[PDB]
């Protein structure tokens, strides 16, 4: 859409305060894009929970977002937390927003120079029943209580998706997700409003090993191959779901099995993704319900996530129910 991103966000119901916050966050993501382009792969000397060597770029990315939140330019931010420190850290006593982010997602593929990304979940005190309660402010909240979310993909260019959720009843309307592109001067524009079609041609099977002790997942994967669906799976969560918006079709799956439990984080990855997906008319599921309606049990809460084309999310639930 040719109108400015500022105008489009306001048309989606964001006030100037939320609009400015989103634009400021995107600007920090633009700075992460620059850091990635000029920083070599240099190990810090410590592996993450998956065993992936953390790089200097991960710390730089975290610091770019955290330093901004703590600065006077981030005065609207009450508190933040991240995958590297999951506990709320106060930034500004009079700020309104709580931010939960994954500063640089794709630790197993960043060295390969594959596309990676960032994820930001945005909550607002006094909105959707979210009141400041210190450290446990987000406990028992659901994704439907976020006021906005966004993902940013760092590839040959910088792109992303953002959605606003300001309806008092939490109604998320199809066609409210905004596809973004950063101009090389750092300014973001909106290229369109993606609508994820109910039918899919692409499949993206994450946590593939779970199929070995989860028959339903093994059978869905076999089915997708038998029907000649196109395989597209980079191992980076943000790029793997961003493709669904661009192609306006596709299914991403990351189910949980006894042997291969869910590793995706509710607060730093899943809830943000669920909002942008459902704003584009896609469906999400943990096998039972939408990821906008699953309460946060703890800040480290992990969850399965399947998302994308409605018919495939339904096929997944039906197949998991039938087998068995």
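Positions refer to the first chain, counted from 1.
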Between 304 to 312 and 7 to 15, name whichever shows the higher mean Cα B factor according to the PDB entry.
7 to 15
So, looking at the entry's B-factor column for Cα atoms, which has the higher mean, 236 to 244 or 91 to 99?
91 to 99
Residue, from 280, 59, 266, 32, that the PDB entry assigns the highest Cα B-factor
59
Can you tell me which of 115, 162, 214, 253 has the maximum CA B-factor listed in the PDB entry?
214
Where does residue 195 sit by CA temperature factor within its chain: lowest, middle or highest third?
lowest
Residue 140: CA temperature factor from the record, placed by chain third, in the highest
Assigned third (lowest, middle, highest) for the C-alpha B factor of residue 204
lowest
Sorting the chain's modelled residues by C-alpha B-factor and splitting them into thirds places residue 156 in the middle
Of the three thirds of Cα B-factor ranks in this chain, residue 249 occupies the lowest
